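Comments concern the structure below.
Positions of Cβ are generated from backbone atoms using ideal geometry, with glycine treated the same way; all protein chains shown enter the neighbour counts. Just so it is clear, none of the values below were taken in a lab; they were calculated from the coordinates.
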Amino acid sequence: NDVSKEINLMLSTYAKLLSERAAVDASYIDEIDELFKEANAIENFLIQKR
Amino acid sequence: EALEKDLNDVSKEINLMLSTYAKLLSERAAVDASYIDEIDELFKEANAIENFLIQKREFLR
Amino acid sequence: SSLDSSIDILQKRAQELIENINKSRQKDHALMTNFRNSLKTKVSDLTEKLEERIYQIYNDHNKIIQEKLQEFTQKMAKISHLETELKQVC
Amino acid sequence: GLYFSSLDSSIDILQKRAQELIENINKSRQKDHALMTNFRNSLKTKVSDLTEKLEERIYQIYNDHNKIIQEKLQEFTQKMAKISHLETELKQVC
């Protein structure tokens, strides 16, 4: 039953490798919102000046 | 979320699969162990008759 | 003929035992081939259901990434539009 | 003067920050596919090497089980030969 151990252990490490790589893309989506907020403040400056 | 119950039915297969295979070889080794002991029983029957004939030949000879 | 009876049973049970060992070795080969079929169709069906989910997770993100970035460019064009309108009045 | 130049500056930065972010995604998914495929093809060769170790241990069982039975039955046959030999010796003298 030692083979079933190493198989299940490599699957959990294979899942963490996906959850991390899925969290990296979740961070770059957050960096898109940061750029989307900086462009928001610039627009509000041009509107309130016009 | 979805990857949990797919993988929860992964470990439950292999840990069940290899557990049946572990018990399978424990039975297949028993079949060969019964055949080996079957030989030794057949060899004891012959060794009994062997000493029954040598002690009768030396009785006459 | 008593010894001719026991010796006959001894020599025949040896012939019956050899034919039985051949049956066990043929059953052992059947079990192993079926133990390979089960673990070649299982582990295969577990790489498919773990590749398509990774593909669909990145499929959903690529749609959102192309939604925010395309909306980000639309807002930057409006900023440059309003800036040029301010350069003209001045 | 100052107002329209500081606005073109912040926009040009957001132009680069948009271009730099897109280039990182194309470079992030590089390492996403360069590592996972180096773990997928890695785990395949490891599990296959674990079965080959087991399939050799199984061979050790049947290689020495056939050896023990083949050697005992070979001795068992020499025993039945020397018994059938002595019985015919007693069936002709008596």
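Structure notes:
- Checking every residue in region A:36-47 against the condition of being farther than 29 Å from C:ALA77 by Cβ, more than 10 Å from chain C (Cβ to nearest Cβ) and either within 24 Å of the chain's Cα centre (by Cα) or touching a residue at least 40 places away in the same chain (Cβ under 8 Å) (or both) gives zero matches.
- If you go through region A:6-15 and keep only what is of a type in the set (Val, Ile, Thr) and facing chain B (nearest Cβ under 9 Å), you end up with just A:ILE7.
- Checking each residue in region C:4-45 for being more than 48 Å from the chain's Cα centre (by Cα), within 11 Å of chain B (Cβ to nearest Cβ) and not β-branched (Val, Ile, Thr) picks out C:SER6, C:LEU10, C:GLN11, C:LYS12, C:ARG13.
- Among the residues making up region C:74-90, a single one is surrounded by 11 or more Cβ atoms within 10 Å (Cβ to Cβ) and either small (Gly, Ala, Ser) or within 30 Å of D:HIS33 (Cβ to Cβ) (or both): C:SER80.
- Options B:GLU38, B:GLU27: the member that is among the acidic types (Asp, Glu) and surrounded by 15 or more Cβ atoms within 10 Å (Cβ to Cβ): B:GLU38
- Residue within region D:6-27 that is over 30 Å from A:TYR28 (Cβ atoms), free of Cβ contacts under 8 Å to residues at least 24 places away in the same chain and assigned to a helix (DSSP H, G or I) present: no
- Hey, A:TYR28 under 21 Å from D:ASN41 (Cβ atoms), within 11 Å of chain C (Cβ to nearest Cβ), of a type in the set (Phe, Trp, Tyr) and part of a helix (DSSP H, G or I) or not: no
- Any chance A:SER4 is surrounded by 15 or more Cβ atoms within 10 Å (Cβ to Cβ) and farther than 18 Å from C:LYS63 by Cβ: yes
- Check on B:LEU18, more than 9 Å from chain D (Cβ to nearest Cβ) and surrounded by 11 or more Cβ atoms within 10 Å (Cβ to Cβ): yes
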